[PDB]
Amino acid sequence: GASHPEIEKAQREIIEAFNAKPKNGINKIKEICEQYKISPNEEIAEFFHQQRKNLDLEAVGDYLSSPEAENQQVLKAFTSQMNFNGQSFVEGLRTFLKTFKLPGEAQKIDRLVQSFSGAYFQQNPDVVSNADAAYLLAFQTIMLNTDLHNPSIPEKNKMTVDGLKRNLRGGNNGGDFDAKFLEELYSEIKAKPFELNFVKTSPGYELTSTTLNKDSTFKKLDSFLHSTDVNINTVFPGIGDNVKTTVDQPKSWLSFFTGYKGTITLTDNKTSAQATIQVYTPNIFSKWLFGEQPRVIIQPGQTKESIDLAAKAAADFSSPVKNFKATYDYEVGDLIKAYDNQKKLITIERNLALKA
């Protein structure tokens, strides 16, 4: 319920370091915890709660929703430090979602929802059969919120309480959720929408516009998502010939909620450089919260040379980059310089040496 005395003492230095570069703030907390033998993960989580009014919450949300082991442990502690005892399922989920400047990336949103579902179950074992059941209820409720409150969805076509019960049959660990529980859940979310505050920009390079769908590279990228045995260099000629790829297909609910079409992970088999490419295309449901434009988010991995791989992919589009944002490992200036350098290279390949 409070930060360790040694952390509180250095709160200003930690805050200043974190906002300038999250990694430095996290490292400072870890250094203090090491010196005074303090459990670091719980301390980082407590600091986020304690200093929420002084920290870059977009960065806090990004750290908490990241896939790395440390981050996931901190998120578990962060959510465990919240008190859901006393609240209904919908109210607990509403409180949880309103706590963050929510990431605008599908997998990150998913991890946050999974954290809530696990904590809800831990604190309310009598409601659902298991954590998976809580997760199903959580994402179904999030979809229902859009379904019921998105003006573009005709009243006559919105899900009914009977429809909710029919669709969730067997969703409670093989069994069903109590009918009256679902009727209550439906009414609660219909009567009071969730408060959802998403970040305006995401880490890395984001391409998004009303004409991106006509971009030749975007088209090849979109098709690549459902391709088999195709080298990624057919989409991005710039990259090397030793780049391997894996594609994470989108969960249906994430496609509905955000327009997510999947993430492609590029890995250079020789340099180990890595980069991820997320694709989003708008649909009637996602437009309510994420706009009417397709999006491509490119992020370099932590391994060396990853920045150049990500920059090359971004530079290969004719379409411009709408936003540049620092990642946990790279400052925004480095992303911009790498991208500009790749664009300069392309310019010289097309026009030969600069005239003098």
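The first residue of the shown sequence is 1; numbering continues from there.
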Comparing 280 to 288 with 225 to 233, where is the mean C-alpha B-factor higher? 225 to 233
Averaging C-alpha B-factors over each stretch, which comes out higher, 194 to 202 or 116 to 124? 116 to 124
From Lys325, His49, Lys30, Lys312, residue of greatest CA B-factor: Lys30
Between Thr95, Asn242, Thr79, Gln107, which carries the biggest CA temperature factor in the record? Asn242
Ranking every modelled residue in this chain by its Cα temperature factor as given in the entry, which third contains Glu305? highest
Ranked C-alpha temperature factor of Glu13 among modelled chain residues, by third: highest
Split the chain's modelled residues into thirds by Cα B-factor; is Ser39 in the lowest, middle or highest one? highest
Ordered by C-alpha B-factor within the chain, which third holds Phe218? Give me lowest, middle or highest, please. middle
Within-chain third of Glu91 by Cα B-factor, per the entry: lowest
